[PDB]
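Engineer: The data below comprise the sequence and an experimental structure of the protein.
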Amino acid sequence: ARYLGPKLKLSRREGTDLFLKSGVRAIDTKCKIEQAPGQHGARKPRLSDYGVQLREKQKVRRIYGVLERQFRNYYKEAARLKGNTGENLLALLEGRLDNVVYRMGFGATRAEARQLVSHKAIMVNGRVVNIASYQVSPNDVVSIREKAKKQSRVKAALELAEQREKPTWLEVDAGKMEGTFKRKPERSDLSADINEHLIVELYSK
Amino acid sequence: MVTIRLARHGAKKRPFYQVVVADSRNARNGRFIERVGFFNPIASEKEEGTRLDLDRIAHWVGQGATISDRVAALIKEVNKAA
Amino acid sequence: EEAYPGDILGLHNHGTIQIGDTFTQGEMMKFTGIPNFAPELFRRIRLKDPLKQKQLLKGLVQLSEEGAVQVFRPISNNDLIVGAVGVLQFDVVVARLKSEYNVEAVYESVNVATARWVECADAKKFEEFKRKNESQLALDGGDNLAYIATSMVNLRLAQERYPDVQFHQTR
Amino acid sequence: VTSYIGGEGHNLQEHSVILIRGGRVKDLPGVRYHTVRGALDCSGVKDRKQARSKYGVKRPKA
Amino acid sequence: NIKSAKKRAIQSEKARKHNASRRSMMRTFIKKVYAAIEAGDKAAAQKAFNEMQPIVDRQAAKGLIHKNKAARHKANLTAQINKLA
RNA sequence: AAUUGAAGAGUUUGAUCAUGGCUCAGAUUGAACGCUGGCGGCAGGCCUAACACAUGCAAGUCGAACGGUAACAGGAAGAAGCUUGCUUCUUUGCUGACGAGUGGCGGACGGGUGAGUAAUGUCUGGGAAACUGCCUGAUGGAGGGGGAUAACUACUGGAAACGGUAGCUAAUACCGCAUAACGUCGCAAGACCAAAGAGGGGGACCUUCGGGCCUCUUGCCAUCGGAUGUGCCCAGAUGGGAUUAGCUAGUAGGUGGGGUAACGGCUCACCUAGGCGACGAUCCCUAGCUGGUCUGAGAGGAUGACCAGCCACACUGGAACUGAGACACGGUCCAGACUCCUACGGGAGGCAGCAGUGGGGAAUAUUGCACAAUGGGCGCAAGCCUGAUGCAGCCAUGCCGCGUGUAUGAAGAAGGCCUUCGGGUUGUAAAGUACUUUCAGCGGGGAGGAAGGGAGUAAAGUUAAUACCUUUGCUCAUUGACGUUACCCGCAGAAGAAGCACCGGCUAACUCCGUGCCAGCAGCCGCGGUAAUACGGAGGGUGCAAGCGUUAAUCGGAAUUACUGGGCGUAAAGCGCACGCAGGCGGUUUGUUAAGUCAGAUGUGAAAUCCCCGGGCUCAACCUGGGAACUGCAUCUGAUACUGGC
């Protein structure tokens, strides 16, 4: 279910930084970015309404690590939930445990963030959580395992974690290695090349 | 012969019973007269796990309804007036 | 009834019993007797009755948890090989239209000297083995295992791929 | 009924047995059916390495 | 049929027989009165009637001729016997 | 708060617009097949032959009903294994108990299947002519005798299955008699009907000292009820076919006997001559019905596996019996087809109960564990029975989770691939370097489903009573299939784990070579006869992922049966014309009615599901609390413009 493949390969095809390599140094390059996604990648792919309408959601996935069978469900949920289905969808995607982890900078990438959550390196309100898909409520508190706290990985992660854009809707710490989800992130305090109207549009027919 | 008994609806390993008035000859999950309260054999310890409409139960009893052993082992377990 | 030493009792084999399977009330030990030797070969029952197909196969994967013969079904679904007490491959044909299978079945010659010999041990290495010389590799009624070789030299080189296990016949 | 035999080459002969799939071919009218390769008495296309699901060939030892 | 309740069957056979007898007698005891009606002798009718009435009610309480079946029999007897007689 | 959600594209032509079919993208499945395949949670699993079935089990239980002893157990008047004090014997059924039998209750529940059934069915809403075991409320009754009978015994035919004659014995078995009302009959008079005892005990007195007697506990009878369940009746609705247009003698109704628990042609007799039908009877074809389920923006279309209600069948056909209830899956009788045992004279059986075998088929499971929980039958109770149920096995069949590593890494290796050779690409991908070990493997610790029951103590409980019984606290020992449980913690080490379809257009995704209208692909259009982005291989890419593809099938798109929502001058389509019955529709004004219509109310529309907001399994699927919804029907009271009647 996990990707398990070249990350930069996806980064160049989506044409933006998917934060897959985040780690020590960020903002990509050193891959020949965007100029050769394939062997033919130097091509000038004029693409269909459908094509972009795909590339959008298909990027939103890769930037998280969720796969289709799940993503669809997510969308369904969003649709069911009153309010803009795009921003709801983003809400759901941002409510994922692994996400809340990478966001709180307990790991370099969201890919690294997963390793922990699955390896039972974290918890919720004090029960340990194995599943990467856990939906994080407000007021919930995620904490690195008391048992394995501050290791050769997560320590170096917190480093540039502090050096990122940093979030709003959550409250982080250093030595406690725990954080609270204060509120569900608004549409305004997160954004990118990401378009909601493209992705909600894709699932219609 | 009317009986107030337990029907097992819950799930594998995690039963959720339901206390219910029914004809004794019927099936456990079969046709019944009405639902009165319920029982939760798990519930952990938080807020809940058993409810019964006692005023109804006694109405049926007085209409000559028998009670299952577990059922009464609920009814007096929840006490009566306190 | 109920039995005493020296009698002969019958049970009900469902892939649980083999040959020489010792049964106690608890004492973990196994009787050093029972021969169990290895088959020669030939065959390819390819069936008249133009199929089915189980009843033939079912017939074969039911005369085979018995001790006489034993089948061999390669990884090409068809191509059914049987091997092979001595040379009386006839009871097979006959139990192919008696017992409870209305099949008919005949024979041919098959490029198989061995026999084979049915292998397993540690992982990964085996998956590299069950891949390189798989051409070439079979699977039996009872869901394992076996090779099937063309001669003796091609038998030696196979094992010589090495170093993972016997020999194994076990009936 | 008549049925189509896909791929290059087949072991089929006088009697044999097959499993008829269905779906037509409009080159040869009257053939509304396909025989599933590698099913029953049918052998799969020899040496086929691509889209082997159809034409019924097992992994050629990756 | 190789279930211990075949004794229930032989039991019900006995029962059967017994009932067949009782019932039979009852019905003949009514037929007396019916014959008395067709022959038309009012006294004889009344007699017969008084003879059957307890034998009816009795079998009613004994659970063959049950309940108001008895009632019917006596009622539609009486409504007849004194109708033309 | 609780239905607020609608996409189009390809193909007729030299081209165009319109018509119109075909095809494609979606969702769905009890699926199958091909390639592949590592976990776990939950659910699902003969759709085909209502085809035939070896073997085990699927219904028994009460000695507080009775005669009783065939077994294990305590003790016995006497002898003793004898280790004179414990134990051992002949018998002994006195006690606990219990083989066989009698009787009571249960075998009509529970489980299976969809054969039959176009309405003795179902769904919805009303109704009048009934019954109801066990559980209940109330008022009284339970007096006294009789005759049999299994078992048993003696003969006796039997290969077996089974019995056959005679005789003896008990009961809550069976039968009179007594007693009878608030019951039945009858206008009344008056007539007529019942029953059963068995236990734990115990102060008087005690008599023929069996136990009478006092008492509580349980059981019997009669009548009126409660509840439950089951009959019966009416209307409306519940497939197709007119290339089925007429059907029907108990048929339709009446009167009267009979009958049933109850109305009734249900039956019989007689008397009228009707009854049904194009608002489609009749006859054929098909089919279990519903809650609901999939799809759909909705209206609808399709569908009724799993789950719950109703029905029906239980080898084919027929019939009764017993009983509260059956016209009875594991009862009986008869016939029919088959099969099995036989010492040949004669018998025995029905998996559409669980599991399984053969058969059929593209295809659908273990001859498992346990009564611990829930629930049912018997019992005062302990208890006994229980493939119901709870669990386990198999299968990617599905849904939902998770893993198969995470960081770092170079002008960026070798190799593969394209190259106008300058290089580009596979590609941070690998290596290498650090790092983490869930899930698996091994090893330790260890919740919850468990509530009661079994022995002793106290209760203005009742009692003549501290015994007995019930009750409520208390004390002790104890109660599980799953089960090496869930879950927790260590050990080891990237260690064990990625495949499938696709890349001409719809449609995300490209070139080389091979081949050459050959081999071959294709869902539609359409590729291939010498540079094929379409075939086959390779590189690369795109899309999904323990699955991916193909086939199959339902709805969608399809306004392509158009109620919402279409058409007919020439594209398919106005009868050749006219009259006209039924049917549909009808100018205008007042009065009335108030059915249609509308408003309010009251019943009802089962639970589950769907939906809303919560809650619990680490999340999810799953489980669950409450609410809405069930768009409908019926009755009552109102409004009256339109509609209909007068």
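Structural biologist: Alright, I've got the coordinates. Numbering: from 1, shown residues only, chains lettered A, B, ... in the order given.
Engineer: quick one: the strands in the chain?
Structural biologist: The chain I'm using is chain A. A:122-123, A:141-144, A:170-171, A:178-181 (DSSP state E).
Engineer: Chain B was what I was after
Structural biologist: Under DSSP E, chain B gives strands at B:2-8, B:17-23, B:34-39, B:50-51, B:66-67.
Engineer: so which of these gets nearest RNA strand F?
Structural biologist: Taking Cβ to the nearest atom of the strand, strand B:2-8 is the member of these nearest to RNA strand F, at 3.1 Å. Using the backbone N, CA and C atoms, a C-beta is placed for each residue, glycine as well.
Engineer: what's the most buried one of the strands of chain A?
Structural biologist: strand A:122-123 (a mean of 24; mean count of other Cβ atoms under 10 Å in any protein chain shown).
Engineer: Run through the neighbouring helices and strands of that one.
Structural biologist: Applying 3 or more Cβ pairs under 8 Å, 6 or more residues apart in numbering or on different chains; DSSP states H and E, one finds that strand A:122-123 contacts strand A:141-144.
Engineer: Strand partners (parallel or antiparallel) of the strand it packs on?
Structural biologist: strand A:122-123 (antiparallel), strand A:178-181 (antiparallel) (DSSP bridges).
Engineer: pretty sure residue C:92 contacts residue C:45?
Structural biologist: Yes - using Cβ atoms under 8 Å, residue C:92 makes contact with residue C:45 at a distance of 7.2 Å.
Engineer: which residues are common contacts for the two?
Structural biologist: C:60, C:82, C:105 (Cβ atoms under 8 Å, 6 or more residues apart in numbering or on different chains).
Engineer: Buried among those? Make that a ChimeraX selection.
Structural biologist: Entered in ChimeraX, the line below selects the buried ones among those, by 16 or more other Cβ atoms under 10 Å in any protein chain shown:
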select /C:60,82,105
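Engineer: thinking again about what came up before, include distance to chain D and mean neighbour count when you put the strands of chain B into TSV, please.
Structural biologist: Output for the strands of chain B, formatted as TSV (distance: least, Cβ to the nearest Cβ, whole Å; neighbours: other Cβ atoms under 10 Å in any protein chain shown):
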stretch	distance to chain D	mean neighbour count
strand B:2-8	45	18
strand B:17-23	49	19
strand B:34-39	51	17
strand B:50-51	56	14
strand B:66-67	61	16
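Engineer: which of the residues in stretch C:44-53 are buried?
Structural biologist: Buried residues in stretch C:44-53 (16+ other Cβ under 10 Å): C:44-45, C:47, C:49, C:51.
Engineer: can you check stretch E:53-60 too?
Structural biologist: E:53, E:55-56, E:59-60.
Engineer: before we move on, what about stretch B:24-43?
Structural biologist: Applying 16+ other Cβ under 10 Å to stretch B:24-43 flags B:32, B:36-39 as buried.
Engineer: Likewise for stretch D:4-14?
Structural biologist: Buried positions in stretch D:4-14, judged by neighbour count with 16+ other Cβ under 10 Å: D:4, D:10.
Engineer: Can you tell me what sits against that stretch?
Structural biologist: With Cβ under 8 Å, 6+ apart as the test, stretch D:4-14 has contacts from D:18, D:25, D:28, D:31, D:33-35, D:37, D:41-46, D:48, D:54-55.
Engineer: got the CA coordinates for that stretch in CSV?
Structural biologist: Coordinates of each C-alpha in stretch D:4-14 appear next as CSV, following Å, rounded to 0.1, in the frame of the first residue of the first chain:
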residue,chain,number,x,y,z
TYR,D,4,-11.8,-17.4,-31.8
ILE,D,5,-8.3,-18.5,-30.9
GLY,D,6,-6.2,-15.6,-29.9
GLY,D,7,-2.4,-15.1,-29.9
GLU,D,8,0.2,-16.8,-32.1
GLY,D,9,-0.2,-20.6,-32.1
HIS,D,10,-2.3,-23.0,-30.1
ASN,D,11,-2.2,-26.7,-29.1
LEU,D,12,-5.8,-27.2,-29.9
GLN,D,13,-6.8,-30.2,-32.0
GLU,D,14,-9.5,-32.7,-32.8
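Engineer: Can you confirm whether it lies near RNA strand F?
Structural biologist: Yes - Stretch D:4-14 is in contact with RNA strand F by Cβ under 7 Å from any atom of the strand, via D:6-9.
Engineer: cool, stretch C:41-51 as well?
Structural biologist: No - using Cβ under 7 Å from any atom of the strand, stretch C:41-51 stays clear of RNA strand F, coming no nearer than 9.2 Å.
Engineer: Quote the end-to-end distance of that stretch.
Structural biologist: Using Cα to Cα, to the nearest Å, the end-to-end distance of stretch C:41-51 comes out at 24 Å.
Engineer: returning to what we had before: to residue C:129, which of the strands paired with strand A:141-144 lies closest?
Structural biologist: strand A:122-123 (40.7 Å; Cβ to Cβ).
Engineer: Which residues does that closest one contact?
Structural biologist: If you take Cβ under 8 Å, 6+ apart as the criterion, strand A:122-123 is touched by A:97, A:101, A:106, A:116, A:128-129, A:142-145.
Engineer: And that strand, how far out from the chain middle?
Structural biologist: 18 Å (Cα atoms, centre = their mean, to the nearest Å).
Engineer: Report whether that strand contacts RNA strand F.
Structural biologist: No - using Cβ under 7 Å from any atom of the strand, strand A:122-123 stays clear of RNA strand F, with a minimum separation of 8.3 Å.
Engineer: tell me how far stretch A:8-27 is from the chain's mean position?
Structural biologist: With Cα atoms, centre = their mean, you get 12 Å for stretch A:8-27.
Engineer: Could I get the buried residue list for it?
Structural biologist: Buried, per 16+ other Cβ under 10 Å, within stretch A:8-27: A:8, A:10-14, A:16-22.
Engineer: Thank you, goodbye.
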